[PDB]
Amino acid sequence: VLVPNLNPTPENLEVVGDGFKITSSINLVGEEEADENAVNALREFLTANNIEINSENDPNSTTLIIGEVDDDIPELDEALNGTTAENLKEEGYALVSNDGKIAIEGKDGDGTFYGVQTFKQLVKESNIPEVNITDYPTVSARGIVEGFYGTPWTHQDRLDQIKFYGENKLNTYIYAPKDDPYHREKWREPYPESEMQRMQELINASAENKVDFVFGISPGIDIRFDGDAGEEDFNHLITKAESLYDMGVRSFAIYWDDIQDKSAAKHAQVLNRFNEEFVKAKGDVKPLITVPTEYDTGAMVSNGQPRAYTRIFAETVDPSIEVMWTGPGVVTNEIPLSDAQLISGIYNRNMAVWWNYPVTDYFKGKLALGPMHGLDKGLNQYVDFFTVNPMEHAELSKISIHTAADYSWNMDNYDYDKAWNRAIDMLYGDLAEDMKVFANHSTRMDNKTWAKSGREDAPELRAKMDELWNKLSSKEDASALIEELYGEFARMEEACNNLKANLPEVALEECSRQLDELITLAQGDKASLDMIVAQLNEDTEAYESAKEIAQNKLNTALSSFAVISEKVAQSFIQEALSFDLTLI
């Protein structure tokens, strides 16, 4: 039995046997000791898969042994056969499946939860490969920052995301929706009881899935620093955090991104005192997180030094506080190692990243369905906290989010093309190949001004198109390539028609306009080829009809709100329109 697709990619995986079939009922050893959340996740799986737990041990049944390094379970030590989570970093685990026994040992509880996650990905129709795995993340915090503008996620969207994060070993969710005044416009005041159950449902869902629910506060709207409105407003900040602490919040983020009010020393004072009086006082609270007013390299540095704010902020903030930045720009092609080194150097600490992809709020007509791209594979040298800013489109965000889980857990081995393919395969099953056709055309984000990021759209198709123009302007035979391109354009329309018919409403409601748009472009792309063949056949009537169709298909794509494949399927039409074979 083969190893299924896994996400994230485990650090170490060795195929050690032929694989075995899990029995209809199993022996469960260790559930009394092992991490509750981890056991609950196992039980949920076993139920959904029709695998019963024996009330009494039967040596003919499959044995599943679960626990932590701390625990003393001899059945665990036996089944692991020398493999252990003892030497592993936090969230690490060991997984051994060999000859009727599956053994999960976490370095800690989060770790046993993640082991279960790998187990659930390993098992297909009762069959499991025989493997030994030791696994642990590259980066210590890995998650989503809910920082996009436009229509907020629904409550159900959120619950589903949290469960999705847990399944793919993402441990951070920074909560900050624009339709929640208690994070900004009413930052001072605690949640009323009418909003309590909703917030409780998020806190509990997060805790169950080993996701740190980070509560992001943006006081900058109207926060006062100076004098006694300032001792007032700082105490309001404590009051709020205390009312959230009582609900179960153990992680906090304070934003200075939108304030116009701009004093590094004042922002950092609030942060430091909050840190001493709250986060250190509670003992229970994770390191404080902040977003400075200058949060991209262009805004932070000028002329080979930091700008005023950044120098003062870096000098004043406690070393234990987590500082976010977006890379070399707000939305940018890359975070090269050199940029992380620079910023990390200025702050004399490991940085946190806020990565603005797949967010599309700055160019909402296009969907960002690409992988993590442009992020240095050695980034962990200067960064120990990684978040992505997703789209308002929760369901379709899962594709790039899937790749972020792999990038941040197994950075050194991250392969953007393979990770992209794995995301669509795992998310879309039988609809995967059709989803690839469409999503391949919608990875590159570019608002034509300040914001651009992402793998280029449909690169292989781009290259074939370029080859066509090259052959045709070189008096070379392009017969076979013309045939091949007709096939690609027909395949584009076919895949989109399939997705329209078979995608669930939850995806379809996010992408239906972009599906129609790629159909229109595929049809304009076909017409474009018809122009070429017409010229080759010296059929002016066929040329003129195809030209009129191609121009129409281009014009509708340009007018529509939806945007896709600008540099490829769209641009090909304009290229064909302007091309004239008779001059070669």
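Residue positions are given as counts along the sequence shown, with the first one as 1.
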Do the C-alpha atoms of 359-367 or of 140-148 have the higher average B factor in the entry? 140-148
Of 57-65 and 549-557, which one has the bigger average CA B-factor? 57-65
Tell me which of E510, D457, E277, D135 tops the list for C-alpha B factor in the record. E277
Out of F164, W450, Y245, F215, which residue has the highest Cα temperature factor in the PDB record? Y245
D233: CA B-factor among chain residues, third -> highest
Comparing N502 with the other modelled residues of its chain, is its CA B-factor in the lowest, middle or highest third? middle
Splitting the chain's C-alpha B-factors into thirds, which one does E544 fall into? middle
For the chain shown, is the CA B-factor of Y182 in the lowest, middle or highest third of its modelled residues? highest
Quick check for you: using the entry's CA B-factors within this chain, is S479 in the lowest, middle or highest third? middle
